[PDB]
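What follows is one structure encoded as structure tokens, with my remarks underneath.
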Amino acid sequence: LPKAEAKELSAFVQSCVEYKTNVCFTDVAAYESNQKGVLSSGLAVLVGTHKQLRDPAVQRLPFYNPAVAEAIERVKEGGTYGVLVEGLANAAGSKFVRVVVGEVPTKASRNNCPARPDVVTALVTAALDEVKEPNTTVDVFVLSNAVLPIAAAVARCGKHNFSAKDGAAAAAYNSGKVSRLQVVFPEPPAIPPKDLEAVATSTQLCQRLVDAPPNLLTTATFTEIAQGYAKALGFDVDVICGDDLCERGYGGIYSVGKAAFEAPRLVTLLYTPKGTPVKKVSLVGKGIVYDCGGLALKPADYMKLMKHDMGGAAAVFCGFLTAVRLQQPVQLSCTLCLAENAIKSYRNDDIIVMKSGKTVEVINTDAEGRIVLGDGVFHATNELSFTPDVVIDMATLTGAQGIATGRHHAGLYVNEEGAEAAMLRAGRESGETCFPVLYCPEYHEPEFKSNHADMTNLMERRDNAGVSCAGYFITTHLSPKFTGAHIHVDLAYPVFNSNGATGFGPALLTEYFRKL
Amino acid sequence: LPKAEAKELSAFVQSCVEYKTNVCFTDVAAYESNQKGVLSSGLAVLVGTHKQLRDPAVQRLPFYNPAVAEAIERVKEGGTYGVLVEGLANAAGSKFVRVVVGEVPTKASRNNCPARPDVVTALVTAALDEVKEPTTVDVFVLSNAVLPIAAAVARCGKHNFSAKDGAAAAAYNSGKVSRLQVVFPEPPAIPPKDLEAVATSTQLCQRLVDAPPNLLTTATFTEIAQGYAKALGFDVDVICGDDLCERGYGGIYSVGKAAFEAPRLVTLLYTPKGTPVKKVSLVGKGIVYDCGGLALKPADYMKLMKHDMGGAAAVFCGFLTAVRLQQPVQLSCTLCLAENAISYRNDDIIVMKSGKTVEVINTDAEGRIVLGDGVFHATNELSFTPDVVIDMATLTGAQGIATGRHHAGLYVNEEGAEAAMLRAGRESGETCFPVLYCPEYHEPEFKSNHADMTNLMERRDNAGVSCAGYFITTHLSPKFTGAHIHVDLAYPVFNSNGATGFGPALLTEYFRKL
Amino acid sequence: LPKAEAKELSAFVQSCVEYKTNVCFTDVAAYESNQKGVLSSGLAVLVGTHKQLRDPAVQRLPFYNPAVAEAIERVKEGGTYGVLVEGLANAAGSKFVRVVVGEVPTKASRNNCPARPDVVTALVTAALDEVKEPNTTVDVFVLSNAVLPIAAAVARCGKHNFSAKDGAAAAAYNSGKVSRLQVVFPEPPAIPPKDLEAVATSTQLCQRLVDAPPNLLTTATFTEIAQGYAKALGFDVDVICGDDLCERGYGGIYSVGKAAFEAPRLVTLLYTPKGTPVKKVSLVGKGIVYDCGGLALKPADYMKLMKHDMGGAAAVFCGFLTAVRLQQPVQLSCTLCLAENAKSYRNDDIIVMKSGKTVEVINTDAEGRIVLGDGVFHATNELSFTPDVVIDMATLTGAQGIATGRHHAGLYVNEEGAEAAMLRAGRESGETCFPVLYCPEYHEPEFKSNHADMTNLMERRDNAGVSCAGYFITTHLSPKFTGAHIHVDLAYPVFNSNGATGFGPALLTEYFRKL
Amino acid sequence: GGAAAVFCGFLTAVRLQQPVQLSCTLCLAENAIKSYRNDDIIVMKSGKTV
Ligand SMILES: [Mn+2]
Ligand SMILES: [Mn+2]
Ligand SMILES: [Mn+2]
Ligand SMILES: [Mn+2]
Ligand SMILES: [Mn+2]
Ligand code: NA
Ligand code: NA
């Protein structure tokens, strides 16, 4: 590459490797003792349910006055209402302090998170529009004690840490428009503040990785980022790259990424805790650049979904980091299936020899993301120093996921009922919600029928459980060594919203591991 | 209107009202006692799993010989293998007796019926190709799952509805359909007469859905409903034409006001003897020439339009089975019947019976509009208030993408009622799978500038099956606070050979466990 | 026609005929002397530019305090910033009064209104979201003196008077969510408050007509509404209806509307002022129900645009009403081309237009310009006078949005003088326009037909789409007519995300004022 | 085009008095008014169903 590009990519790698969260955590009493009632800046936020906002505990808060009381009355459900308070002592020394009240709904269905962190994100995002200075800290008083989903929700909200606006490209694409946020819980949090910072950091790193454009986050830079963390946090990293993938039988990931300027890479990270592990889990993530397609939606729609194609790789990677930082008692592998699908007719009707030994007929070159997951899955369940009890693969795979489970619920295709319930619980507890997709291999297998290969890479009929079939394809490349629960997570839509990446995935994994 | 057309419709109405099944049920012991070794015809079918076929009880069957044993060893999983038995005694007097062996798979997921009735149907269909004189064919099933097998055999082979080879003159009744005698290993847990009733309702549903829209119209459906009401002795209420407008049913009225035949809200009522175990209301979509959406291409919806009566046919035949078996459930069945015929009505704001207003941003999606009126009717205008409201419809193309060709999508507000219906699907073979229930996220998709709601979700890729179901739930009566079960059966209602008769058996099995 | 629908339609007709604006107008000095520092309710709005908000006069306003001064400092350009004032006197008896400051940008191009009423509407729309009770009066303090565009802008904003939400259907689709608005100018207004009320009423009446669905605003009901205003305001009405259109030679409008349940109608309204008219002007409006189509956009796009296809007829109708109410010195006719169109049917038909020229119908979707052909000939050949200017307004093409955008109506006009006049009317009224290419030499060949005088649609869509649609209409002008013809394509400016904008009437009003 | 060609060919045979016994059947109908009559089964004059 040119010297200017190489310098830029190195700077971007460093910004991801050294990324630290803007969010910190505390509780009302500690805040009272540490900050002596003085607000951090000229902006404060109060978020809670209709009931919680009227609790007497609110009246004892430092910023409370009759004006704030009226704001609580005038605010709409799922909306904000801002009021000024003159002569309220703050660190910035502002003559006024803006207090914004946000009402969270209590309505929540049996498939959602009761604390409704989706609305908490929206409320705080709206409130941060009234931020004055870029160097200030905003106190976010939350009236809920669900520390994990709120930690993720606040990490998710506001201006994104990734930005190319207003000369931020000269500062390694670190946004200067992000405000520091201090979340203040009522009670001391059940999960320690430092652990919550780690969760918040992973949500925002995941967001950065998915927001980053494909000319910054490439197969090479992602690999370098993974290697950077391995050195810093002290975990093992293994990289099977380029022609070595072909030599060693990884025909799927090789075939998909062989046309690119940068070689395809199967990067596997290993974490083994001190003492006896509670479970042995393997993570596999789809991280294919310029790769998004299918038959369920129009071609123009898949170009919009291509924007967030690293969502799977980012989710498993950041979930892995949190496990290492929290020192969770789980033996963990994380395999990043990284390739750049460069240069429609090319590779069409190719027959590839997968690492599993099974042959795949490429009937559609747009659907070359489940192929790399096939190699990733076999590698995890066959080629590692341990055999996992559970395999979790995450990928922004199908447009059918949106039609099936929607914008907020990732699709779960899983072989065992118990594993499904566990992950569903983790979604409701974390706020990164999921919903099951049809598991029935008898009806999925015939859709991949091939005249000359063992299978095709795409279902014949699009209207026959679209999410499920993509999941099934991946399961056919599981190793016979594996006898445990396979969880396929299709997160094509939950990985983003109108403002960009959401950092969906890592907190779901963190909560899943806590209950193992 | 013409005499020739009017006479044809009357003959078709009689064929559906007087429909009798071609299937009967018995067991191996009762079979040997009544027939004493003589087979009913020159064709016999043996269907079972790999283990079941090698059971010692198989070699003690009338038709068994060394050739049949070789069939059991040569047959492939999910395939058939035929052999002749020379000089075998049979009532038809055939020189040979063809024995077709079919192997059923044992593999079945936690969302599928363990007996795999889908393959049973496929096996028996392939075996009936070698029929000589379309004669009663003996089908020996090695499974004891009587209810799903009853439905499985009822839907297999040649369909009773036909317009081939001069069948139009004989009220579209097929002469190619062979009689079938299913022989279970042991005496069935459900009476043979009850199994026959389930088979009949499956085939009547098949007949109604197979029937083209120029035979099964809004008028002929109601006449068929009135026929069974007179025969079986149950009440029937019909709100027809402009009476729907005056009485506030703007949804179903607006949809069918353009048609030659008027729209009809046909409510049937069945109350059993004594205390009913539950009060259940059925609501079915029966709109003629009405199929559309945004998830699939326009050409795809034209193919799905052929089976638009599936929702109405499913609830109607399930109601009939409950009356014939005398199931202890207070039952109502509202048929939302209309013909969407003749840009028209685009951006119309109609006042629904619930009082809520609907902006028609898409005229193709008007199936959920009539269901809204039917749902409010069942939950507000009946003499009783139901505990469970079940609506069934061939509603969305998104259903196929979500749950597939074999599983009806379930959008239901209570977890208990969902698990019940899912169990009913696995027990009966007419399988289902749940679709996301989350009204918080479905409501914003129907936002409207001038009306209370639109009739179609703004974004196509945000739980399409769920949203279409949510719309219907907004028109539930405030009086109702029980379980609502929306069943999207757009795809399971048909296959390559036509209608499946999906729905009735699922309801029956659901009613049996209440 | 069932009795339920008949009663519904009659109730809707009355609601349009008897419509009264929620807005009234006054000024600071008059407001003080009549209300004495007691606000009308618990919400007040302050809308002005950065400079205007920092004018010394702002400190002297009744609601001003250091919290409001801070709101002026923190608010963003084009945004709002709300603050509570405790114990401020107000007639609603609210313990706190909410003051919402909104900043209007000064940036305005040579083709836009300097007052930026587009933002004013948005600011006041945002401010009204924080309303507690709907049955109150909100004081709206504007720091601008451009009274006409502000009047139209404020009439435009907030909840629409038409609604079918929450039982509004039982009250003739009159919204119960609309708040009364008292606009308070700095100086006494150059245009009388009652005249501004009339302009506001027309904007909102136009909004109601376009918002109204096609099952309520039909060809019969619009006609009944026009008749109702004729009786009340005292102007003449002529209605050529049904088979009479065919017999009298109006083959265009007849062919388009003959298939429908309700018959097509050519409604013409005449207004003659007292004394010498400054100009004789004829208005023509497209009001075709279920009719929207073309080749420039996808079929799905035209279905969305179809919701506002009464915008042309509504614009001219309400522009006519304002002329009658303000008694503007302009002899005025207003021809409403009304019909219901309800793809293969009538394709390749050759219809004999009222002008005598034959039209081949190559595309059945584009028959809005056909009804305008008859309307334009009627106005220029069949009336008791001969107009000096002919103005036709229609939501005609999707190309209009591609050409001139969502905020500027496309102008196709033969004389540069009448073009410049209408452009000035747009910039002054705020209902902006922009010229589309006038060049008949290059538009004529696109309508070449084998057997008719012309086709109804251009052969090549990428050859000035807005212009060619306008050219088609000019071919059916009477040979008697030798004046200026102004074709206004307002396909997009007639609506926004919230619904109808009521675009059109205020442009006509301001156009007449400078004749 | 089809009905016109057959009709005008007939007229030429009648005017020229060509030595061919000729019948001319014009299948005339106005197709109004896409979903309408979709999946209908019709009994043709031949007795076969379509
Ligand atoms: Mn969203
Ligand atoms: Mn969004
Ligand atoms: Mn199938
Ligand atoms: Mn099939
Ligand atoms: Mn806009
Ligand atoms: Na300050
Ligand atoms: Na009761």
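Observations, loosely collected:
- Highest to lowest packing among A:46-54, C:412-420, A:365-373, C:86-94, scored as the average C-beta count within 10 Å: A:365-373, A:46-54, C:412-420, C:86-94
- Highest average first, the peptides A:264-275, B:251-262, A:5-16 ordered by how many other beta carbon atoms sit within 10 Å of their residues are B:251-262, A:264-275, A:5-16.
- Rounded, prolate or oblate (a/c below 1.5 giving rounded, otherwise prolate when a/b exceeds b/c) for the protein assembly as shown by Cα gyration tensor: oblate
- A simple rule links phi to the HN-Hα coupling: the Karplus curve 6.51 cos²θ - 1.76 cosθ + 1.60 with θ = phi - 60°, which for the range C:350-359 gives 10, 9, 8, 5, 4, 5, x, 7, 9, 10 Hz, with x for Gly and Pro.
- Prolate/oblate/rounded call for the range B:208-284, Cα gyration tensor, a/c under 1.5 rounded: oblate
- Projecting label points 7 angstrom from Cα along Cα→Cβ for A:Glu5 and D:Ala5 puts them 6.2 nm apart.
- Other protein chain Cβ atoms within 10 Å, averaged over every residue that makes up B:237-250: 2
- Calculated FRET efficiency for the pair C:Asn145/B:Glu443, C-beta based, R₀ 41 Å, to 0.05: 0.40
- Those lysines that a straight Cα-Cα span of less than 18 Å connects to A:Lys449, excepting residues fewer than 8 apart in one chain: A:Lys358, B:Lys76
- Figure legend: label point modelled 7 angstrom from the Cα of C:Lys343 along Cα→Cβ; residues of the range C:305-326 with amide N under 17 Å from it are C:305-306.
- Distance from the alpha carbon centroid of the range C:265-321 to that of the range A:59-98 works out to 51 angstrom.
- Amide H contacts of C:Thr501 (H built 1.01 Å from N, under 5 Å, at least 5 apart or other chain): C:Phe495, C:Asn496
- For residues of A:404-412, the mean tally of beta carbons on other chains within 10 Å: 6
- Inter-chain shielding of A:464-471 (mean C-beta neighbours from other protein chains, 10 Å cut-off): 4
- Three-way shape call for the range A:189-516 based on the alpha-carbon gyration tensor, with the a/c threshold at 1.5: rounded
- Span from the the range B:110-177 Cα centroid across to the the range C:180-246 one, whole angstrom: 67 Å
- Burial order of peptide ranges A:20-33, A:218-231 (average beta-carbon count within 10 Å, highest first): A:218-231, A:20-33
- For the range A:430-463, the residues whose backbone nitrogen is under 11 Å from a point 7 Å from the Cα of A:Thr359, taken along Cα to Cβ, are A:451-455.
- Computed from point charges on the beta carbon alone (+1 for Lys and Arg, -1 for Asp and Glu), the dipole magnitude for the range C:315-383 about its Cα centre is near 260 Debye.
- With a Förster radius of 56 Å applied to the C-beta separation of C:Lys132 and B:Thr385, the computed FRET efficiency comes to 0.90.
- Listed by chain and number, the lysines whose alpha-carbon sits under 18 Å from that of A:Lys231, ignoring those within fewer than 8 places in the same chain, are A:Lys20.
- DSSP-defined antiparallel bridges as percent of all bridges, the protein assembly as shown, nearest 5: 40 percent
- Sorted by Cβ density within 10 Å, fewest first, the residues A:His409, A:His486, C:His476: A:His486, C:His476, A:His409
No value in this document is a laboratory result; all are computed from the given coordinates. Neighbour counts are summed over all protein chains in view; Cβ atoms, including those assigned to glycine, are modelled from backbone coordinates with ideal geometry.
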